[PDB]
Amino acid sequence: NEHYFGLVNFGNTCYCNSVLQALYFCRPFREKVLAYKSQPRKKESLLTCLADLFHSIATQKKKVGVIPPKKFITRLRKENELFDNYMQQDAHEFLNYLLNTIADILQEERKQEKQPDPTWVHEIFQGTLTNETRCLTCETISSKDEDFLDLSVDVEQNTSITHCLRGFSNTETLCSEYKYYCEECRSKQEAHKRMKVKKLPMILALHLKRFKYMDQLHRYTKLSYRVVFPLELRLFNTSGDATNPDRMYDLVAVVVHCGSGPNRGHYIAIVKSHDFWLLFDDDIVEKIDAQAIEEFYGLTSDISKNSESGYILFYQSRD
């Protein structure tokens, strides 16, 4: 079959290792990374490093083991001052940096030959939203289309991720002090605002906004609510096109953040390979049964106390 390899923690690099494992178990991402050969053979970038690391795991002799990703981490630290330290970081911020950094590399390669084409990062992860804003005096609709690499969805207690996605695409009323400046009415009026998925991504990365700022008390907390994520997820658009989309997605990876608060903690990825589930905790690789995954929904009770909780979910379009 395949190779199952932990990654060594170097200081506090679990934010990075956890995300690598998710991304490595996103087959389409993995394959395109293995296939990467530079247009300019000369010089070393964050992608060449990811690519060397991924070959290394993929061409390893035994089925299970541990790699120290010295060379990727070193390059990460060289590229980005925010990660040039041994302090704990946010996994989602790293995922965003990584994907965009690669995308920028590949875009430079395309341009390089010719001496607004999309890179395979965008191919795998990009979707598109349509935002509609309906002015309530004049009743005009303004539509703006905005790409995304993931959706950052707000959460609430004892709900599913599917309900959260619903919440995300509901009609909000802009009013009171949030009135819409309408160019027809040349004035601020109340508005209906809705963001709908216009185009589904091959892989849907969900970022659970597990934070709450207390305006009074000048700091934020971590939300350890029960937010349930199903193994299969169904998404769709409504009418208005040649084609209506109604697509199943399968859960392939969860990046879980462990701890009771936002300013410190630990990261672990759970992933699906060949229809069973593994847990990667830096160097440790451990196989768990599907029901163990419910620990990561979050806590029904003792919400202040320490939690292990899903934070980034990768859903793969069924294939």
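Residue numbers run from 1 along the displayed sequence.
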Problem set entry | Deposited-sequence gap flanked by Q115 and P116 | 10 or more
Exercise. According to the deposited model, is the average Cα temperature factor higher in 136-144 or in 209-217?
Worked result: 209-217
Seminar exercise, completed: Stretch with higher mean Cα temperature factor, 301-309 vs 16-24, is 301-309
Exercise. Per the coordinate record, which of the options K70, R41, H257, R264 holds the highest CA temperature factor?
Worked result: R41
Problem set entry | C-alpha B-factor winner, where the candidates are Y181, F236, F168, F94 | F236
Exercise. Mind checking which third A242 falls in for C-alpha B-factor across the chain?
Worked result: highest
Problem set entry | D84 by Cα B-factor - lowest, middle or highest third of the modelled chain | lowest
Problem set entry | Lowest, middle or highest third - CA B-factor, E123 | middle
Exercise. By its CA B factor, does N131 count among the lowest, middle or highest third of the modelled residues in the chain?
Worked result: middle
For this session: Ordered by C-alpha B-factor within the chain, which third holds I288? Give me lowest, middle or highest, please.
Result: highest
